[PDB]
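Visitor: Below is a structure I'd like to ask you about.
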Amino acid sequence: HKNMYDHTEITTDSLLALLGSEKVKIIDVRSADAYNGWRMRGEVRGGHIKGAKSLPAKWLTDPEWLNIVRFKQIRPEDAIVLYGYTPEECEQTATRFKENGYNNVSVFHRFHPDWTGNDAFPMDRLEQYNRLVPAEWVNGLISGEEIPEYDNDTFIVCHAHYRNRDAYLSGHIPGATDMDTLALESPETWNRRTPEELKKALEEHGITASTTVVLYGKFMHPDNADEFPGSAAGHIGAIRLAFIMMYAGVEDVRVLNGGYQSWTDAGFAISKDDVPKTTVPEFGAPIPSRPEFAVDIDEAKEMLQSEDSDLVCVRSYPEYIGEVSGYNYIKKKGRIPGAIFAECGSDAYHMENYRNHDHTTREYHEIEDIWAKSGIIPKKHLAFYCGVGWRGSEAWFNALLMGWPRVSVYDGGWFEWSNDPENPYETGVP
Ligand SMILES: C[N+](C)(C)[C@@H](Cc1cnc[nH]1)C(=O)O
Ligand SMILES: [Cl-]
Ligand SMILES: [Cl-]
Ligand SMILES: [Mg+2]
Ligand SMILES: [Mg+2]
């Protein structure tokens with residue numbers, strides 16, 4: 001019946017008439033960063049067609065491509081409409097759908113410049129997308145080239161890791177310097193360090209409050225059998241450090257979307273130099289400048305008693321039901337009573353529910369809709385937490401990117417909560 005290699009074109013008028021159809025799935029095959037709003041071809045309006053889902057053509061080489069599509073609830077009985085910067089970029093995706101039994105597949109040729117160039121055509125974007133940067137933006141930054149969403153004259157690219165300098169020395173973005181997560185958080189409490197420590201640490205790494213800091217980490221397949229599996233979850237650590245730096249007072253913090261893998265996926269050169277630090281004498285702002293980003297245990301207890309506040313438990317399901325603690329250095333098992341569960345992923349060192357297979361952030365509409373089903377909504381003051389505040393920082397960053405007005409991280413997490421034998425806790429399947 002179908003032709004695997006000749007695809008029907010859908011017109012702008014036809015697509016306009018189908019924008020509200022529940023039987024139609026509009027699929028943006030560009031990069032997730034363009035989908036979020038980055039104007040990667042110089043378009044005046046960035047983002048995606050309103051209601052479109054993100055399925056980057058880059059993922060076509062992934063052997064799990066069909067499961068990704070099914071996990072996104074894109075079904076063979078749906079009418080599939082693909083679009084990219086050009087219709088030619090949609091051809092391989094269209095063929096891939098037809099090869100897997102999707103018989104209703106069309107290609108929209110006029111997204112750019114026709115759709116982007118007229119304000120009558122509805123578009124959407126991740127409100128604070130410029131904090132989540134693509135690899136091309138970082139490459140222009142370190143090359144001293146004109147890049148959008150950047151009006152500063154001072155920057156530093158920071159490769160985060162947890163007591164694992166090999167994560168940096170085995171390959172890093174050229175010119176980048178490494179920051180151990182221990183520089184900004186204490187091994188005694190696994191909370192952010194005191195203001196005086198953060199001031200010294202940031203200065204010794206060459207960071208002022210007015211320095212644009214670009215953070216990223218390297219995913220190295222964490223294994224629960226290792227003594228420090230967090231040494232392999234570099235990009236969670238990067239977002240954890242982004243939280244602490246923004247809390248401290250760094251005005252412009254960016255995160256490389258997808259971490260190190262996005263840098264090498266783009267084909268850019270890597271460096272193995274051990275770049276020395278260029279310290280700065282004065283941070284230049286009071287620390288912390290944004291204390292409302294952090295929540296501690298007394299306020300967290302209040303938020304459990306408030307109508308417009310909630311704690312969001314970003315742990316794994318075995319941790320939530322008290323089957324495991326999730327950590328080799330925590331013996332207590334259980335959960336904070338009254339918190340809203342938002343499953344992070346498989347265990348304490350993986351964020352499958354918040355990431356794509358290439359570690360870029362999951363399509364934010366999916367995060368937003370799943371959160372809303374559990375009452376995790378922006379009208380509340382939300383304190384994301386987990387074991388020790390790493391996974392909660394990554395969840396918190398996703399909400400911050402959506403422009404949510406009062407989102408925090410409860411730093412202490414299950415570690416601090418369970419360390420007080422007076423605190424109530426639950427266990428078992430709810
Ligand atoms: C605070 N450290 C770095 C010790 C944590 C960080 C962490 C990563 N995923 C959940 N927590 C650890 O590695 O167990
Ligand atoms: Cl990671
Ligand atoms: Cl918990
Ligand atoms: Mg949208
Ligand atoms: Mg903590």
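Visitor: Looking only at residues that are away from ligand 4 (no atom under 16 Å from the Cβ) and among the small types (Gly, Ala, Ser) in region 357-398, which one is nearest to the chain's Cα centre (by Cα)?
Guide: By that ranking, first place goes to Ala395.
Visitor: Can you tell me which residues in region 382-418 are away from ligand 2 (no atom under 16 Å from the Cβ) and more than 15 Å from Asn191 (Cβ to Cβ)?
Guide: Passing the criteria: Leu382, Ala399, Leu400, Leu401, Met402, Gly403, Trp404, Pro405, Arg406, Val407.
Visitor: So which residues in region 185-212 are assigned to a loop (DSSP other than H, G, I, E, B) and acidic (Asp, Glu), if there are any at all?
Guide: Hit for region 185-212 is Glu188, nothing else.
Visitor: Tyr320 is checked against (1) over 11 Å from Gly387 (Cα atoms); (2) of a type outside the set (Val, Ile, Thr); (3) under 24 Å from the mean Cα position of the chain (by Cα) and fails just one. What number does that condition carry?
Guide: Tallying (1) over 11 Å from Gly387 (Cα atoms); (2) of a type outside the set (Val, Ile, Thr); (3) under 24 Å from the mean Cα position of the chain (by Cα), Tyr320 fails exactly one: (1).
Visitor: I've got another one for you. Determine which single condition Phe283 fails, assuming it passes every other condition in (1) within 16 Å of ligand 5 (Cβ to nearest atom); (2) within 26 Å of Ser210 (Cβ to Cβ).
Guide: All conditions are met except number (1).
Visitor: Please find, among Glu302, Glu319, the residue that is away from ligand 4 (no atom under 16 Å from the Cβ) and free of Cβ contacts under 8 Å to residues at least 12 places away in the same chain.
Guide: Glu302
Visitor: Being within 30 Å of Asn152 (Cα to Cα), in contact with a strand residue (DSSP E or B) (Cβ under 8 Å, 6 or more places away or on another chain) and away from ligand 4 (no atom under 16 Å from the Cβ) is the filter here; which residues of region 106-129 pass it?
Guide: The answer is none; no residue qualifies.
Visitor: State which residue is surrounded by the fewest Cβ atoms within 10 Å (Cβ to Cβ) when the search covers only region 23-61 and only residues that are in a strand (DSSP E or B) and over 19 Å from the mean Cα position of the chain (by Cα).
Guide: Among residues in region 23-61 that are in a strand (DSSP E or B) and over 19 Å from the mean Cα position of the chain (by Cα), the one surrounded by the fewest Cβ atoms within 10 Å (Cβ to Cβ) is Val24.
Visitor: What are the residues in region 252-288 that are crowded, with 17+ Cβ neighbours inside 10 Å and outside any loop (DSSP other than H, G, I, E, B), if any?
Guide: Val253, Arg254, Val255, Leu256, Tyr260, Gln261, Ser262, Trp263
Visitor: Out of the residues in region 142-179 that are among the aliphatic types (A, V, I, L, M) and either in contact with a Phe, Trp or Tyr (Cβ under 6 Å, 6 or more places away or on another chain) or over 27 Å from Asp274 (Cβ atoms) (or both), state the one that is surrounded by the fewest Cβ atoms within 10 Å (Cβ to Cβ).
Guide: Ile147
Visitor: When region 374-401 is examined, which residues are found to be out of contact with any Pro (no Cβ under 7 Å at 6 or more places or on another chain), more than 16 Å from ligand 5 (Cβ to nearest atom), of a type outside the set (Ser, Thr, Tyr) and closer than 30 Å to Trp38 by Cβ?
Guide: Once the filter is applied, which keeps residues that are out of contact with any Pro (no Cβ under 7 Å at 6 or more places or on another chain), more than 16 Å from ligand 5 (Cβ to nearest atom), of a type outside the set (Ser, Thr, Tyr) and closer than 30 Å to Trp38 by Cβ, region 374-401 yields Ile376, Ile377, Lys379, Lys380, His381, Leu382, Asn398, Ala399, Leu400, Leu401.
Visitor: Shifting gears a bit: Of the conditions (1) within 12 Å of ligand 3 (Cβ to nearest atom); (2) over 30 Å from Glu64 (Cα atoms); (3) in contact (Cβ under 8 Å) with a residue 60 or more places away in the chain; (4) not hydroxyl-bearing (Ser, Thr, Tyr), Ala348 fails just one. Which one is it?
Guide: Result: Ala348 fails condition (2) only.
Visitor: Grab the helices (runs of 4 or more DSSP H) fully contained in region 364-430, keeping just those with 3 or more residues being crowded, with 17+ Cβ neighbours inside 10 Å and more than 16 Å from ligand 1 (Cβ to nearest atom).
Guide: On the way: elements: 364-373, 390-401, 413-418.
Because the criterion is at least 3 residues that are crowded, with 17+ Cβ neighbours inside 10 Å and more than 16 Å from ligand 1 (Cβ to nearest atom), the helices (runs of 4 or more DSSP H) in region 364-430 that meet it are 364-373, 390-401.
Visitor: Keeping to region 291-314, report how many residues are farther than 21 Å from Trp404 by Cα and within 13 Å of ligand 3 (Cβ to nearest atom).
Guide: Within region 291-314, residues that are farther than 21 Å from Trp404 by Cα and within 13 Å of ligand 3 (Cβ to nearest atom) number 1.
Visitor: Going through region 169-191 one residue at a time, which ones are among the hydroxyl-bearing types (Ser, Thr, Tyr), near ligand 1 (Cβ under 10 Å from one of its atoms) and in contact (Cβ under 8 Å) with a residue 60 or more places away in the chain?
Guide: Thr181, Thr189
Visitor: For region 288-308, state whether one or more residues are under 18 Å from the mean Cα position of the chain (by Cα) and of a type in the set (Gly, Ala, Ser).
Guide: no
Visitor: Right, something else. Could you grab me the full set of residues in region 285-336 that are among the basic types (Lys, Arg) and under 22 Å from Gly428 (Cα atoms)?
Guide: From region 285-336, those among the basic types (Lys, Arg) are 290, 301, 315, 331-333, 335; that's our starting set.
Result: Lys301, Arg315, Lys331, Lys332, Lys333, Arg335.
Visitor: Can you list residue pairs whose Cβ atoms sit under 6 Å apart, with the first residue in region 232-243 being under 8 Å from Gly217 (Cβ atoms) and in the same structural domain as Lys218 (by TED's automatic domain parsing) and the second being within 16 Å of ligand 3 (Cβ to nearest atom) and of a type in the set (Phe, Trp, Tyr)? Count only pairs 6 or more apart in sequence or on different chains.
Guide: That search, which allows pairs on different chains as well, returns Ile236/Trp390.
Visitor: Give me the pairs: first residue in region 399-414 and within 17 Å of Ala248 (Cβ to Cβ) and in contact (Cβ under 8 Å) with a residue 60 or more places away in the chain, second residue among the charged types (D, E, K, R) and buried (at least 21 other Cβ atoms within 10 Å of the Cβ), beta-carbon distance under 7 Å, and six or more apart or on different chains, which are they?
Guide: From region 399-414, the pairs are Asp411/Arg192.
The values are calculated or read from the model by the stated rules, or taken from the named source; no laboratory instrument gave them. Cβ: placed from backbone, ideal geometry, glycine included. Neighbour counts: every protein chain shown.
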